There are 2 protein chains.
Amino acid sequence: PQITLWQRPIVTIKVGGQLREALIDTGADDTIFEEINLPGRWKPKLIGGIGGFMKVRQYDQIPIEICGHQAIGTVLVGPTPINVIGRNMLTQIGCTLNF
Amino acid sequence: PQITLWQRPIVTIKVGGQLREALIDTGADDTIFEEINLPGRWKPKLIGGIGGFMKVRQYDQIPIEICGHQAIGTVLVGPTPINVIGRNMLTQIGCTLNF
Ligand SMILES: CC(C)CN(C[C@@H](O)[C@H](Cc1ccc(F)cc1)NC(=O)O[C@H]1[C@H]2CO[C@H]3OC[C@@H]1[C@H]3C2)S(=O)(=O)c1ccc2nc(NC3CC3)sc2c1
């Protein structure tokens with residue numbers, strides 16, 4: 001779809017067998033969710049944002065469905081105030097900005 | 001223009017008579033710059049992001065040029081790790097997401 005920006009660009013996600021909502025976030029390099037339970041090994045990572053840093057778990061090669069489009073890639077799990085779909089996944093679904 | 005997401009979507013800005021670069025950030029409600037000097041009255045604001053909160057100065061009705069497009073609106077000034085153009089300005093330049 002085309003999505004305008006009058007409201008937060010929130011879409012429906014399936015990840016790890018669970019359903020969530022997440023913000024299409026062109027300012028995010030990576031994809032971050034709070035309150036998901038992913039399988040297998042992970043690696044602790046510190047990431048920076050406004051406000052400072054956040055410890056996350058880094059999971060690699062995770063399948064995700066983003067508004068009906070399939071992608072796989074790294075998902076970070078940690079205390080973000082809103083789930084975000086970052087460019088690592090957006091590039092796989094052909095998402096672009098236009099003005 | 002159309003902008004893909006293989007790299008950070010950074011554009012050239014003029015704000016307060018000064019030239020800067022900033023990220024087109026659909027995950028940002030508001031527009032934030034570090035290291036700009038805006039004229040006139042402002043109001044202290046705490047904003048949240050990953051990592052926690054950040055104190056900013058809130059300036060209203062600030063003209064900005066974003067990749068050659070004119071907008072006016074609220075600009076927040078404070079210690080962000082990267083300057084961001086948020087939806088308050090993106091809607092005025094007709095920016096949309098597409099996939
Ligand atoms: C640069 C920064 C913009 C990136 N963030 C993405 C922005 O879109 C976030 C999304 C957001 C919204 C709300 C919220 F509670 C928390 C986050 N917006 C945000 O803080 O907005 C703030 C601010 C703007 O006005 C209002 O709107 C929401 C809120 C309020 C004040 S990030 O979440 O820090 C992030 C994401 C992925 C990522 N991947 C990395 N990988 C490492 C480098 C290789 S580092 C990294 C850092």
Side-chain angles (χ1 to χ4, degrees), chain A residues 1-11 21-34 45-56 64-71 73 76-99, chain B residues 1-11 21-34 45-56 64-71 73 76-99:
Chain A
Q2 181 174 58
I3 305 178
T4 64
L5 294 174
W6 298 95
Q7 299 285 337
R8 292 184 175 175
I10 303 300
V11 300
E21 297 182 274
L23 178 62
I24 299 296
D25 190 354
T26 58
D29 301 334
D30 278 294
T31 293
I32 317 172
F33 283 80
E34 183 178 2
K45 203 196 190 203
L46 294 183
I47 64 173
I50 70 159
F53 65 88
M54 191 175 67
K55 197 197 152 303
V56 298
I64 190 166
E65 167 196 290
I66 299 156
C67 197
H69 294 243
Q70 299 291 330
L76 311 182
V77 183
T80 177
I82 187 153
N83 303 324
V84 298
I85 311 303
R87 297 188 297 99
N88 71 307
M89 297 296 194
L90 296 174
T91 53
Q92 295 181 58
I93 74 177
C95 188
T96 66
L97 289 159
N98 310 80
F99 58 96
Chain B
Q2 181 174 58
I3 305 178
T4 64
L5 294 174
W6 298 95
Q7 299 285 337
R8 292 184 175 175
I10 303 300
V11 300
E21 297 182 274
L23 178 62
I24 299 296
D25 190 354
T26 58
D29 301 334
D30 278 294
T31 293
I32 317 172
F33 283 80
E34 183 178 2
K45 203 196 190 203
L46 294 183
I47 64 173
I50 70 159
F53 65 88
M54 191 175 67
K55 197 197 152 303
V56 298
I64 190 166
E65 167 196 290
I66 299 156
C67 197
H69 294 243
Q70 299 291 330
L76 311 182
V77 183
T80 177
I82 187 153
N83 303 324
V84 298
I85 311 303
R87 297 188 297 99
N88 71 307
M89 297 296 194
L90 296 174
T91 53
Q92 295 181 58
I93 74 177
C95 188
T96 66
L97 289 159
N98 310 80
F99 58 96

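Hydrogens, waters and symmetry mates are skipped; everything else that's a heavy atom, side chains included, is used. Order of the sequence lines sets the chain letters (A, B, ...), proteins ahead of strands, with each chain counted from 1.
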B:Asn98 versus A:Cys95: any side-chain heavy-atom pair under 4.5 Å?
no
Looking at A:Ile50, is its backbone amide N or carbonyl O close enough to the side chain of B:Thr80 to form a donor-acceptor pair, meaning the two atoms are under 3.5 Å apart?
no
Nearest non-hydrogen partners of A:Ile93 and B:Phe99, listed with the distance
O-CB, 3.5 Å
Atom CD of residue position A:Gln7 - does it have more than 12 heavy atoms of other residues, nucleotides or ligands inside 6.0 Å?
no
B:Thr26 OG1 to A:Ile3 CD1 distance, which is reported to the nearest 0.5 Å
9.0 Å
Is it the backbone or the side chain of B:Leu23 that comes under 4.5 Å from a heavy atom of chain A, or both, or neither?
side chain
Could you grab the distance from atom OG1 of A:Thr4 to atom CG of B:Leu90, nearest 0.5 Å is fine?
11.5 Å
Can you confirm whether A:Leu5 sits close enough to B:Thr96 that some side-chain heavy atom of one is under 4.5 Å from a side-chain heavy atom of the other?
no
With only heavy atoms counted, which part of B:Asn88 is less than 4.5 Å from chain A, the side chain, the backbone, both or neither?
neither
Identify the heavy atoms of B:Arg87 and A:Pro9 that sit nearest to each other, and give their distance.
CD-CD, 3.9 Å
